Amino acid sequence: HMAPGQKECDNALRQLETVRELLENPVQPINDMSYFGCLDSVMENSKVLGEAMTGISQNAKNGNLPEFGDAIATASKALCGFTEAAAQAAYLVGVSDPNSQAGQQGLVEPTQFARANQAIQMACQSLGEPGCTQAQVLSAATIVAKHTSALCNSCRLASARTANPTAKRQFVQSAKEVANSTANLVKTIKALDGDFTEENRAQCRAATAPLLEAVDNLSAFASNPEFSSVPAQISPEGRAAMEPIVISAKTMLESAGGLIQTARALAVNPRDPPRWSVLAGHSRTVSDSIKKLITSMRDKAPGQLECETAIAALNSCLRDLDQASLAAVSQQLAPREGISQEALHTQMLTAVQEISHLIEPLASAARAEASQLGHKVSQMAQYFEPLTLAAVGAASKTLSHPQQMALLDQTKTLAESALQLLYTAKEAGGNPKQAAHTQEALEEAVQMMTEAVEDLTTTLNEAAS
C-alpha cells in the first residue's frame, strides 16, 4: 500500500501537466489580473514555493511523511499560481501587439457547437439510410452520441459558470432535452444484437427528428454573443514577444516535475546519494527558471517594447541629422524642391510645440502609469519624424551657413534630450519602488528636454520675425 505523501506527489505531477496546457497557444485571458497584478503574483508564489521546497527536502530527510505531503501540496498550489500568472502575462503581451486582434471570454465555443451540429446532421442522415448494415448503423450512432454527449457536458459546465439566471435555466434544460433525445435514439439499437436493431430501424428513424431539432436549437443558442467565446488572434510578432515567458514557464514546470518525482522516492528511502544530487539539479533549474521568468515578464511590461522602438526611431533621426551636417559641410546638401522655407519652418515649430506638449504626460506615465506609457513614448518619437525631415529641408535652403549648422545642432540637441527621456522613462516604467537614482534621472531628463525645447523655439521665433 502507498505510504503517506505518495498520493500528494502523483496529484502534483498531474496538476503540473494540466496547468502546462495554459502555456500552449494562449488565446484567452486566464484570470482577471492586470500585468502588474501578474508580476505581484509571481513574487508571492515565489516566496510560497521556496518555503515548500525547504519543507519537501527537510521532511524527506527527517522521514516526516505527513509533513512531506503537506509541503508537496503547497508547492503544487504555488506552481499552479506561478503558471496562471505567467500565462496571463504572456496573453497580455501577445494581444497587445498592433497586428493582433482582441477576443472575448464566453461560456461556449460557437464554432465547436456548429461543427458538432453539422456532424450530427450528417450522421443522422447516415443512420436513417435504407438497407444499412449493422456496422454502418453503429458507426453513425457513435458519431451522434459522441457529439451530443460533448454538447451536454459543455451546457452543464456553462450553466454553473453563468451569472445570468435565464441562461442558467436554458443551458440545463437544453442539456436535459439533448441527452433525453439521444437516450431515446440509442434505445432502438443493440450493439451485439443485429436482429433487434434491424427490427427497430423505423423507431430509430423517428427518433432522429426530435434530436435534430433539439441540437439545432442548442447550436443557435450558443451563437448568442453574450455567451460566445471568441479567441484573440495573436500575430507572429505577438507570439515572438511572448515566447521568452512561455519558454521559462515551461522549463520551470519540467524541472519541478523532475524535483517531485525525485523527492517522492527520497521520502520512502532517503539513503540515496545519487537522488540527492538529482534533487539538487532540479532545484537549481526550478530556481533559475523562476529568475528567468520574472526577468522575461519585466522585459515585456506595458510600455517596455514601445520604449525600445521609440529609442530606435530617435537614433534613426540622429543619424539623418549627422548625415545632413556632414553633407552641409562638404557642400553636398542639395536644396529641397517643391516646398518653401516658410512651410518647412512652420512644420518645425508645429512639431516642437507637440513635442513640448507631450513631455509632462510622458513623465506622468513613466512615474506611475505604465498603462499610458507605451502610447506617450510612441507619440513623442513619431513627432521627431516631421521635425527631423523639416530641419534637414530648412537647412538645405538656408543661405547662411551658420544658420544652417545651428538649425541642425539645436534639432540634434532636442533629439538627444528626447533619447535621454526615453531611456529614463523605460527604466522608471511606471514601476513601484523605483530606485532614487531612477526617479531623479527621469526628472532631470524632463528639465533638459524643456531647456532644449526653449532654445530651438527661440531660433524658430527669431527666424520668423
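Residues carry their position along the shown sequence, with the first being 1.
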(request) Compare the mean C-alpha B-factor of 300-308 with that of 333-341 as given in the PDB entry, and name the stretch with the higher value. (result) 333-341
(request) Using only the Cα atoms and their B-factors as the entry lists them, report which of 366-374 and 101-109 averages higher. (result) 101-109
(message) Between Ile260, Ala222, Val278, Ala390, which one tops the list for Cα B-factor in this entry?
(response) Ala222
(message) Highest recorded C-alpha temperature factor, please, choosing from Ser228, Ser76, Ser139, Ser316.
(response) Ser228
(request) Determine, from the deposited record, the chain-internal third of the Cα B-factor for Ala191: lowest, middle or highest. (result) highest
(request) Among all modelled residues of this chain, ranked by Cα B factor, put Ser159 in the bottom, middle or top third, i.e. lowest, middle or highest. (result) highest
(request) Select lowest, middle or highest to describe the third in which the CA B-factor of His282 falls within its chain in this entry. (result) lowest
(request) Among all modelled residues of this chain, ranked by Cα B factor, put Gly429 in the bottom, middle or top third, i.e. lowest, middle or highest. (result) middle
(message) Which third, lowest, middle or highest, does the C-alpha temperature factor of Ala114 belong to within its own chain?
(response) highest
